[PDB]
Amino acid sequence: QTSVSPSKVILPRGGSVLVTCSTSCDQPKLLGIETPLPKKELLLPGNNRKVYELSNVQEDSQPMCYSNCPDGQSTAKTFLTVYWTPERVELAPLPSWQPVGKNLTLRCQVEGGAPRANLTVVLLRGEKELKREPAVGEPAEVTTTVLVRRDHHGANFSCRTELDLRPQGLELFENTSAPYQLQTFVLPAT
């Protein structure tokens, strides 16, 4: 039967990879790989083995080797996970000056991060975390409400994203938005 190596792959957008599709019939009728990716085949001996160079990996895809040993068949997919740190991570624009007392509502907007399963979005207050949830949707958002206090003057919040590719062998990639600086005031005023 058909087999492929590797079976799981973590790679950058655009990145390419080598995939080997091997079988166990000594003289199989057909052997190839089923994918839309720009592929390329190489001079590998003992043709019970074929090596393809997949190319413009822009998306999580699952290439599939297929070896046709008569009626029926058998296959084997490989999991290509494409990774990339969000194109933009910022809080919706807001006026720094805010009235003491309102249940102000912060909203972080994230655009295009992948794999979204390892992407966490986190609203903070300085380096103190407020809300912390996974990135979902596009642009993915996250909200929290701050009851503005006199104490908050000078306080400044930010939104940060965490792309944890550590368990996949890579790193934890983070991105921080520009800081929202809160200026408060009590009334009698302005």
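Numbers follow the displayed sequence, beginning with 1.
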> Between 12-20 and 173-181, which has the higher average C-alpha B-factor in the PDB entry?
Replying inline: 173-181
> Averaged over C-alpha atoms, is the B-factor higher for 65-73 or for 44-52 in this PDB entry?
Replying inline: 65-73
> Taking the Cα B-factors listed in the entry, which of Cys108, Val82, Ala117, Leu94 comes out highest?
Replying inline: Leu94
>> Take the CA temperature factors straight from the PDB entry and tell me which of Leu123, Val146, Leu163, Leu30 peaks.
In response: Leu30
>> What third of the chain does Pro36 rank in for C-alpha temperature factor, lowest, middle or highest?
In response: middle
> Relative to the other modelled residues in the chain, which third contains the C-alpha temperature factor of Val57: lowest, middle or highest?
Replying inline: middle
>> Based on the deposited C-alpha B factors for this chain, I'd like to know if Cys159 is in the lowest, middle or highest third.
In response: lowest
>> Taking only the Cα B-factors deposited for this chain, tell me whether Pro86 sits in the lowest, middle or highest third.
In response: middle
> By the record's CA B-factor, is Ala140 among the lowest, middle or highest third of residues in the chain?
Replying inline: highest
